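Here are the chains, one letter per residue:
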Amino acid sequence: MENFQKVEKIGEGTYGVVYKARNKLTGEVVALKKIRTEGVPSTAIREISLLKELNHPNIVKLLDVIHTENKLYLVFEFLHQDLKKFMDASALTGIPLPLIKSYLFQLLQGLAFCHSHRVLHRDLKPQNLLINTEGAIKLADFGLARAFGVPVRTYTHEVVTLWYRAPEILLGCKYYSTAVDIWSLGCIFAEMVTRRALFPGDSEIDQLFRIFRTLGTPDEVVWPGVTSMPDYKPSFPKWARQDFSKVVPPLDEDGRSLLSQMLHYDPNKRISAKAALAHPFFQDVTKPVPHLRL
Ligand SMILES: COc1cc(NCc2cccnc2)c(C(N)=O)cc1[N+](=O)[O-]
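Residues numbered from 1 in each chain as written, not as in the entry; some residues may be left out. Heavy atoms only, no water.

- Structure determination for this PDB entry was carried out by X-ray crystallography, with a resolution of 1.95 Å recorded in the header.

This is the structure we're talking about:
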């Protein structure tokens with residue numbers, strides 16, 4: 001391109017086409033995301049530009065925001081693999097617990113950092129978690145959602161996964177809190193453990209009902225105010241809560257305990273990233289080297 005050279009198409013993300021590219025001048029290899037539609041609000045430019053300062057070892061660095069030719073390009077540090085591909089590659093044997101624990105610990109540090117800076121992700125999923133050969137894992141796309149209101153779809157009729165969406169979002173709550181990210185990470189934690197998505201909904205109501213069938217239909221006792229949420233319906237079926245030991249076997253009680261706190265219905269009772277880091281589950285955390293085949 002003007003200063004780059006497409007090495008290939010890394011994919012077709014939630015916002016647009018993503019290319020692995022090499023800077024012709026510096027020689028650095030980066031991920032280039034071309035954002036979708038015919039104006040690009042200046043509000044989004046200032047918002048995104050702010051994220052260039054959000055630097056942490058567990059957050060994918062946003063190197064540049066280029067608004068030229070009236071188009072929007074986001075330049076990110078490049079990592080060779082995402083957690084979704086890695087979990088598929090580890091499907092037969094499963095990701096070893098020490099590595100699951102290291103990944104969860106690093107992700108929580110990343111969230112604690114973003115959340116302490118009043119930045120929410122809002123759309124965490126295995127595909128947005130990038131890993132390298134040194135055992136590091138990083139959150140990609142933090143803050144883009146807010147700087148772009150609602151996602152809906154990618155840019156080429158692609159189906160948005162609802163699997164990691166917190167219940168308050170599904171019940172129509174208009175204001176997101178840091179708690180939505182904890183929920184998504186809890187779903188991801190469970191998926192790494194069992195090797196199966198925790199709530200693989202295929203519609204918004206199927207998503208909600210899958211959650212209800214496992215954690216029990218929420219009520220005013222466990223979630224004060226839930227019955228007044230925008231999309232709550234008194235006609236929701238009432239399902240009994242399932243024993244946690246049946247949800248993520250064979251995770252130990254430290255892990256089940258942390259997961260249950262990351263999955264509390266009430267966003268206000270849900271554990272913060274900071275508090276989660278102090279959970280006994282991380283008492284023996286280490287940083288193993290993964291087996292990446294690139
Ligand atoms: C398409 O998604 C992405 C994937 C990425 N890497 C993981 C990867 C996956 C497949 C092949 N090669 C690398 C990166 C990045 N920052 O390195 C960015 C985006 N993105 O959305 O900006």
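### Section: the UniProt feature "binding site: Mg(2+)" in the protein chain
Then, number 1: When the UniProt feature table is mapped onto this chain numbering, "binding site: Mg(2+)" sits at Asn128 and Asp141. Of the annotated positions mentioned, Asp141 line the largest cavity.
Then, number 2: Setting aside residues no more than four positions away along its own chain, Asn128 makes contact with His121, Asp123, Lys138, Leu139, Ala140 and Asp141.
Then, number 3: Considering the arrangement of structural elements, one finds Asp141 in the loop between strand 8 (137-139) and helix 4 (167-170).
Then, number 4: Judged by its relative accessible area of 17%, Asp141 falls in the buried class. (UniProt positions renumbered as here; feature names shortened; annotations may be inferred. 1 Å grid on protein atoms, 1.4 Å probe; cavity = no way out; pocket = protein on both sides within 12 Å on 5 of 7 lines; lining within 4 Å. Contact = heavy atoms within 4.5 Å. Helix = DSSP H or I, 4+ residues; strand = E, 2+ residues; numbered from the N terminus. Buried < 20%, exposed > 50% of the residue type's maximum accessible area, 1.4 Å probe, protein only.)

### Remarks on the pattern of salt bridges
A side chain of one charge can pair with a side chain of the opposite charge when the charged atoms of the two come close.
Then, number 1: Under the defined criterion, the tally for this structure stands at ten salt bridges.
Then, number 2: The partner of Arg165 in a salt bridge is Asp123, with the nearest N and O atoms 2.8 Å apart. Of this pair, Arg165 sits in the loop between strand 8 and helix 4 while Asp123 sits in the loop between helix 3 (97-116) and strand 7 (129-131); the two residues are 42 residues apart in sequence, bridging distant segments of the chain.
Then, number 3: Residue class for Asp123 comes out buried when judged on its relative accessible area of 13%.
Then, number 4: Through salt bridges with shared partners, a single ionic network connects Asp123, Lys125 and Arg165. (Salt bridge = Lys/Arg side-chain N within 4 Å of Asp/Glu carboxyl O.)

### Details of the UniProt feature "active site" in the protein chain
Then, number 1: Those places that UniProt annotates as "active site" correspond, in this numbering, to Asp123.
Then, number 2: At a separation of 3.2 Å, a polar atom in the side chain of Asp123 contacts the side chain of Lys125. (Polar contact = N/O pair within 3.5 Å; in protein donor to acceptor, adjacent residues only side chain to side chain.)

### Here's the deal with the nonpolar core
Then, number 1: Of all hydrophobic cores here, the largest spans 83 residues; its most connected members are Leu83, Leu104, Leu108, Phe189, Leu258 and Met262.
Then, number 2: Looking at this core element by element, the count peaks at ten residues for helix 5 (residues 179-194).
Then, number 3: Contact partners of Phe189, with chain neighbours within four places excluded, come to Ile100, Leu104, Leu251, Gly255, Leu258, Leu259, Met262 and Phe281.
Then, number 4: Membership of the second largest hydrophobic core comes to five residues, among which are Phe4, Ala21, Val30 and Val75. (Core = buried A, V, L, I, M, F, W, Y, C linked by side-chain atoms within 4.5 Å.)

### Examining empty space enclosed by the protein
Then, number 1: In this structure, the largest cavity occupies an estimated 90 Å³ of space.
Then, number 2: Forming the walls of the largest cavity are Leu51, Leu54, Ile59, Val60, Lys61, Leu62, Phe76, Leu139, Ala140, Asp141, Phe142 and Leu144.
Then, number 3: Tallied by class, residues from the lining of the largest cavity come to ten nonpolar, no polar and two charged.
Then, number 4: Here the lining of the largest cavity gathers at least three residues from each of two domains, domain 1 (1-80) and domain 2 (81-291). (Points joined across faces, edges and corners; volume = space filled by probe spheres on them. Nonpolar A, V, L, I, M, F, W, Y, C, P; charged D, E, K, R; others polar. Domains from an automatic or database assignment.)

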